[PDB]
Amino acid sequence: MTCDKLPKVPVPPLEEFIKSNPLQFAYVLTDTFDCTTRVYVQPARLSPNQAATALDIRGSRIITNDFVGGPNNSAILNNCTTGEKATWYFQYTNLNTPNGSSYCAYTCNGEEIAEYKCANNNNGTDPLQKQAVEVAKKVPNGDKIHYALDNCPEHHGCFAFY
């Protein structure tokens, strides 16, 4: 199983992602997205390109990425700070079930997995996440994939932010 051979389910409508807000990454690859909250934003009223934006929030820090649909069930991300581009795919999505939402996404380095993000708002109770993670772990560099929520800063009265 090489990264480029992973499932690429269709991107849900943006409204499905927004109804899921907010989410937390239960499993990631690199340490960048440990202890992170995901929020999805519609495009600004006056945005000429009408791109949506993904917010990755870690305490007082935030990574932002505009995204648009691309070929082969892909999302193409534009890093708003650096202009860096990346092609992402969904291994699966399971948004807005009666037990909440989960998904797992990935970007590839040819055959290696460059980054992995599994999000949920049900504390990892979705059976699809278990299965997806085990499958992702056996991809080249999938050894790095880890539970992302172990040693996270203490909160000060907010549920989803610190």
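Just count from 1 along the sequence shown to find any residue number.
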Taking only the CA atoms, which stretch has the higher mean B-factor in the record, 42-50 or 104-112?
-> 104-112
Given 10-18 and 136-144, the range whose Cα B-factors average higher in the PDB entry | 136-144
Which one of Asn94, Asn120, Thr30, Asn65 shows the biggest C-alpha B-factor in the PDB entry?
-> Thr30
Would you please rank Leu23 by its C-alpha temperature factor against the other modelled residues of its chain and give the third it falls in: lowest, middle or highest?
-> lowest
What third of the chain, by the recorded C-alpha B-factor, contains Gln131?
-> highest
Sorting the chain's CA B-factors, does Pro98 end up in the lowest, middle or highest third?
-> lowest
Taking the entry's C-alpha B-factors for this chain, is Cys158 in the lowest, middle or highest third?
-> middle
